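*Asks:* Next up is a structure, given as structure tokens.
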Amino acid sequence: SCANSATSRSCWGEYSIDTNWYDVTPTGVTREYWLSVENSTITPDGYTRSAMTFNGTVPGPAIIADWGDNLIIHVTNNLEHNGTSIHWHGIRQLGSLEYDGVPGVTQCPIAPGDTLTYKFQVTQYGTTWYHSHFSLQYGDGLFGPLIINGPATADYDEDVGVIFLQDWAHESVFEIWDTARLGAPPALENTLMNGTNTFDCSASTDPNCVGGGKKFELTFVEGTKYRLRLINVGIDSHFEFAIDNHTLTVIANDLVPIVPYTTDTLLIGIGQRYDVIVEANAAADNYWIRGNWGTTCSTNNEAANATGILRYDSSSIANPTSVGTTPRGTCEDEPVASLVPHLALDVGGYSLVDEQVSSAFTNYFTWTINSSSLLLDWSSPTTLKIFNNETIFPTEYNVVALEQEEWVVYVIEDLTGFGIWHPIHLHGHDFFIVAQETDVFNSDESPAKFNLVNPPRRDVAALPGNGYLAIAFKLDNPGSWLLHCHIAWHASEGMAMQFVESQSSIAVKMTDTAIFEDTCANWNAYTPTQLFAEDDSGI
Ligand SMILES: *[C@@H]1O[C@H](CO)[C@@H](O[C@@H]2O[C@H](CO)[C@@H](O[C@@H]3O[C@H](CO)[C@@H](O)[C@H](O)[C@@H]3O)[C@H](O)[C@H]2NC(C)=O)[C@H](O)[C@H]1NC(C)=O
Ligand SMILES: *[C@@H]1O[C@H](CO)[C@@H](O[C@@H]2O[C@H](CO)[C@@H](O[C@@H]3O[C@H](CO)[C@@H](O)[C@H](O)[C@@H]3O)[C@H](O)[C@H]2NC(C)=O)[C@H](O)[C@H]1NC(C)=O
Ligand SMILES: *[C@@H]1O[C@H](CO)[C@@H](O)[C@H](O)[C@H]1NC(C)=O
Ligand SMILES: *[C@@H]1O[C@H](CO)[C@@H](O)[C@H](O)[C@H]1NC(C)=O
Ligand SMILES: *[C@@H]1O[C@H](CO)[C@@H](O)[C@H](O)[C@H]1NC(C)=O
Ligand SMILES: *[C@@H]1O[C@H](CO)[C@@H](O)[C@H](O)[C@H]1NC(C)=O
Ligand SMILES: *[C@H]1O[C@H](CO)[C@@H](O)[C@H](O)[C@@H]1O
Ligand SMILES: [Cu+2]
Ligand SMILES: [Cu+2]
Ligand SMILES: [Cu+2]
């Protein structure tokens with residue numbers, strides 16, 4: 001039993017970095033939050049535009065808690081013309097399926113003017129984020145940081161918090177969706193680093209291009225070790241984060257602490273999080289912070305300006321003249337060999353489920369999973385079906401039923417030919433990356449090459465373009481769990497499926513059943529006169 005501190009980050013009282021947090025949870029306290037989903041106007045980069053925000057800021061307010069705390073988060077939808085539904089990214093929701101926030105799966109949408117109070121315990125610690133999982137809303141700024149304090153696998157003095165990395169349009173994503181769904185995502189007008197960037201409005205005739213955008217700035221005190229919590233939250237952005245003339249000691253991936261490793265740059269797919277410790281041991285100077293936008297992965301109009309500024313002297317106003325490390329320049333994830341959980345777990349005996357991604361064109365460009373593109377009915381979410389004792393779901397719900405062989409290995413194959421590295425997010429579980437391969441899956445040979453012995457473990461991992469991703473998870477969380485590409489266009493285009501896991505073992509408190517019913521009653525009251533119908537997959 002030791003206290004967490006700058007020289008004992010492994011400690012968490014009677015618990016520690018060695019505690020199995022899948023099986024053991026500290027007692028904490030209840031923390032209550034009130035969030036308002038708003039229709040806003042912001043100027044993050046000297047361009048004024050609309051946004052959909054929590055509480056009028058991009059990013060939204062920080063939700064900060066300790067490992068074990070119970071969170072009560074009242075979410076009121078103050079948009080006029082969209083439902084909304086908020087997901088707590090990577091959060092296991094063991095026994096709280098109905099608060100996972102996936103509209104069409106775990107809830108009906110929150111109708112305009114309605115409130116839904118999300119309740120869940122945090123049985124994980126580290127860096128994550130919360131965001132709307134209702135259509136493309138997070139692309140208009142509807143996300144915020146969710147930081148759960150706990151132990152760490154390397155010592156550090158100061159936690160600077162999250163640095164968000166994203167693309168950023170100069171108009172609502174909902175304005176460009178009709179063009180994007182023809183099949184080619186647009187190059188967006190800029191990027192943001194923790195909510196800010198420069199933009200040259202000097203030659204603009206657009207009255208909204210008011211200028212004054214500023215670089216993200218981070219100040220170091222020489223000798224201090226800083227925890228930076230990196231999240232890629234773009235619509236369709238890949239990053240390779242780096243700080244010139246500094247080394248990153250990587251200590252967590254998503255919500256899983258790893259054996260520290262050092263790296264000059266850090267590949268980060270959408271929805272992925274890393275925790276790094278940077279020691280401020282360079283010559284004191286201004287250094288460029290590089291997002292290293294992956295131009296081979298997706299387009300942006302201003303890729304080279306996905307940068308911020310590290311200062312050792314905060315009174316300096318000069319731009320860095322530092323020289324960047326040459327990026328690997330791929331759309332890959334960090335190498336599997338680098339991502340070794342500190343808490344070592346092995347994958348047990350399993351049953352294999354194989355699915356294949358392709359594309360089709362119906363009304364617009366769609367992605368298919370075993371020939372079916374996800375299309376959900378917001379007024380009949382999977383959980384509603386489950387509470388009605390339905391076990392056969394619509395084809396377009398892309399349900400795979402799991403029932404106990406205590407483990408599943410889920411192989412998803414890219415048969416599209418496109419060579420996109422798709423960030424695949426699984427809800428309700430950390431998975432084990434048993435293979436992440438650039439090659440064709442062979443059901444007779446590939447399983448023999450799976451790594452079942454402490455493989456990487458996280459909640460978002462790349463399906464390699466033209467390859468396969470084999471992820472294992474244990475049947476330990478009855479529910480209906482969405483799995484999808486986190487490239488927002490692709491999710492909206494149906495690149496998703498869901499696991500209905502141990503359906504008959506789902507338990508929901510009567511109070512939460514009543515709440516769920518109320519949410520859907522209110523949604524159903526809104527839809528007859530909504531201005532805008534569902535026009536994508538729902539998620
Ligand atoms: C959620 O609310 C947003 C409003 O904030 C809705 O966005 C609207 O979406 C419609 C349908 O896609 C857009 O119409 C299209 O606009 C483009 C661009 O001018 C045009 O080329 C198309 O032919 C079509 O008219 C509309 O622009 C857009 N409105 C705004 C202000 O962005 C969205 O549909 C809502 N979704 C739900 C599910 O309630
Ligand atoms: C990126 O932008 C956000 C601001 O949009 C910064 O978020 C800030 O993060 C820090 C550290 O995690 C938060 O500090 C904590 O505040 C709470 C509540 O009062 C307190 O309990 C803790 O002791 C700690 O001071 C801070 O709340 C938060 N600010 C906002 C507005 O949410 C973040 O720091 C930026 N990243 C960098 C590297 O600058
Ligand atoms: C968010 O905004 C709403 C509406 O004004 C308010 O009730 C709530 O307290 C605010 N929450 C935070 C965290 O500021
Ligand atoms: C947000 O406000 C804008 C400007 O009034 C409006 O055009 C748009 O429909 C609103 N969006 C939603 C989702 O309510
Ligand atoms: C998806 O299709 C492939 C190829 O036909 C088949 O091998 C696999 O079992 C299918 N998966 C499921 C879950 O239906
Ligand atoms: C679902 O099954 C349970 C268990 O038998 C039963 O109590 C409940 O009423 C059922 N509900 C419906 C709507 O079929
Ligand atoms: C993470 O660790 C692996 C194995 O040592 C390296 O191959 C990689 O480049 C990174 O350091
Ligand atoms: Cu997410
Ligand atoms: Cu994708
Ligand atoms: Cu998701």
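Here Cβ is always computed from backbone atoms with ideal geometry, including for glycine, and neighbour counts include all displayed protein chains. Read-outs throughout are calculated quantities, based only on the coordinates presented, and are distinct from any laboratory measurement.
*Asks:* Name the residue from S359, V460, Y410 whose Cα lies farthest towards the positive end of the charge dipole of region 344-539, charges +1 on Cβ of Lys and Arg and -1 on Cβ of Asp and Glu.
*Replies:* The residue sitting farthest along the positive end of the dipole is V460.
*Asks:* Taking Cα atoms of region 1-151, Rg/Rh with Kirkwood Rh, to two decimals?
*Replies:* Rounded to two decimals, Rg/Rh equals 1.03.
*Asks:* Amide H neighbours of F365 under 5 Å, at least 5 residues apart or on other chains, H built in the peptide plane: list them.
*Replies:* Hits under the 5 Å cutoff: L182, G183.
*Asks:* In the chain, which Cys residues have no partner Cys with a Cβ closer than 4.7 Å?
*Replies:* Isolated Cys, the chain: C485.
*Asks:* Just to check, using Stokes-Einstein with a Kirkwood Rh over alpha carbon pairs, what's the diffusion coefficient of region 79-139 at 4 °C and 1.567 mPa s in µm²/s?
*Replies:* 107
*Asks:* Please compute the net charge surrounding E403, taking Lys and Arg as +1 and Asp and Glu as -1 over other residues with Cβ under 14 Å from its Cβ.
*Replies:* Surrounding charge for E403 is -3.
*Asks:* From the Cα trace of region 432-483, what convex hull volume per residue do you get, rounded to a whole Å³?
*Replies:* Enclosed volume per residue, from the Cα hull, is 101 Å³.
*Asks:* Here is a follow-up. Using only C-alpha atoms and all pairs of different ones, pull out the Kirkwood radius for region 152-343 in Å with one decimal. Could the numbers behind the result be given before it?
*Replies:* Numbers: mean 1/r = 0.0574 Å⁻¹.
Final number for the Kirkwood radius of region 152-343 is 17.4 Å.
*Asks:* State the three equivalent ellipsoid semi-axes of the chain, derived from the C-alpha gyration tensor as the square roots of 5 times its eigenvalues, in descending order and whole Å.
*Replies:* Result for the chain: semi-axes of 32, 28, 24 Å.
*Asks:* Residue-wise, which Karplus ³J(HN,Hα) couplings in Hz belong to region 310-317, taking 6.51 cos²θ - 1.76 cosθ + 1.60, θ = phi - 60°, and x for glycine or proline?
*Replies:* Karplus-based 3J(HN,Hα) across region 310-317 equals 8, 10, 8, 10, 5, 7, 5, 10 Hz.
*Asks:* From the Cα gyration tensor of region 229-325, with a ≥ b ≥ c the square roots of its eigenvalues, which class applies: rounded if a/c is under 1.5, or else prolate if a/b is larger than b/c, or else oblate?
*Replies:* Oblate.
*Asks:* Further question on the same structure: Find which of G104, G13, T43 sits farthest along the positive direction of the dipole of region 1-151, computed with +1 on the beta-carbon of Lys and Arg, -1 on that of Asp and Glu, about the Cα centre.
*Replies:* Result: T43.
*Asks:* Moving on to the next point. Could you list which residues have their amide H under 5 Å from that of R273, counting only those 5 or more apart in sequence or on another chain, with H placed in the peptide plane?
*Replies:* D254
*Asks:* Right, here's the next one. Rounded, prolate or oblate: pick one for region 472-539, where a ≥ b ≥ c are the square roots of the eigenvalues of its C-alpha gyration tensor, a/c under 1.5 means rounded, and failing that, prolate if a/b is larger than b/c, else oblate.
*Replies:* Numbers: a/c = 3.71, a/b = 1.11, b/c = 3.34.
It comes out oblate by the Cα gyration axes.
*Asks:* Let me ask something else about it. Give the percent of DSSP beta bridges with both residues in region 152-343 that are antiparallel, rounded to the nearest 5.
*Replies:* Details: 32 of 43 bridges.
Percentage antiparallel, nearest 5: 75.
*Asks:* Compute, for region 1-151, the length of the dipole vector about the Cα centre, with Cβ point charges of +1 (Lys, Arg) and -1 (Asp, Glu) only. Units Debye, rounded to 20.
*Replies:* 140
*Asks:* List, in order, the whole-Hz ³J(HN,Hα) value for each residue of region 515-524 obtained from phi through the Karplus relation with A = 6.51, B = -1.76, C = 1.60 and θ = phi - 60°; use x for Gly and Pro.
*Replies:* Once θ is set to phi - 60°, the couplings for region 515-524 become 4, 4, 4, 4, 3, 5, 4, 5, 5, 4 Hz.
*Asks:* Next question. Considering only the other residues whose Cβ falls under 9 Å of the Cβ of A462, what net charge follows from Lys and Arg at +1 and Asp and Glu at -1?
*Replies:* Around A462, the surrounding residues sum to -2.
*Asks:* Does region 384-527 classify as rounded, prolate or oblate by the C-alpha gyration tensor (a ≥ b ≥ c root eigenvalues; a/c under 1.5 gives rounded; else a/b over b/c gives prolate, otherwise oblate)?
*Replies:* Note, shape of region 384-527 comes out prolate.
*Asks:* Which ³J(HN,Hα) values in Hz, rounded to whole numbers, follow from the phi angles of region 454-461 under the Karplus curve 6.51 cos²θ - 1.76 cosθ + 1.60, where θ = phi - 60° and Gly and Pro get x?
*Replies:* For region 454-461, the Karplus curve yields 5, x, x, 9, 6, 10, 10, 8 Hz.
*Asks:* Another one. Tell me which residues come under 5 Å, amide H to amide H, from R31 once H is placed; ignore anything under 5 positions away on its chain.
*Replies:* Those qualifying (amide H under 5 Å, at least 5 residues apart or on another chain) are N70, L71, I72.
*Asks:* How charged is the neighbourhood of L267? Take every other residue with its Cβ under 11 Å from the Cβ of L267, and add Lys/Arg as +1 and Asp/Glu as -1. All intermediate terms of the calculation are to be shown ahead of the outcome.
*Replies:* On the way: positive: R328; negative: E240, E332, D333, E334.
With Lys, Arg at +1 and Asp, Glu at -1, the neighbours total -3.
*Asks:* Using a simple charge model, +1 on the beta-carbon of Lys and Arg, -1 on the beta-carbon of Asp and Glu, nothing else, what dipole does the chain show about its Cα centre, in debye to the nearest 20? If you can, show how the numbers build up before the last one.
*Replies:* On the way: 21 positive and 65 negative charges, 148 e Å.
Magnitude of the dipole: close to 720 debye.
*Asks:* Share of antiparallel DSSP beta bridges in the chain, in percent to the nearest 5?
*Replies:* Details: 94 of 130 bridges.
Expressed as a percentage, antiparallel bridges in the chain total about 70.
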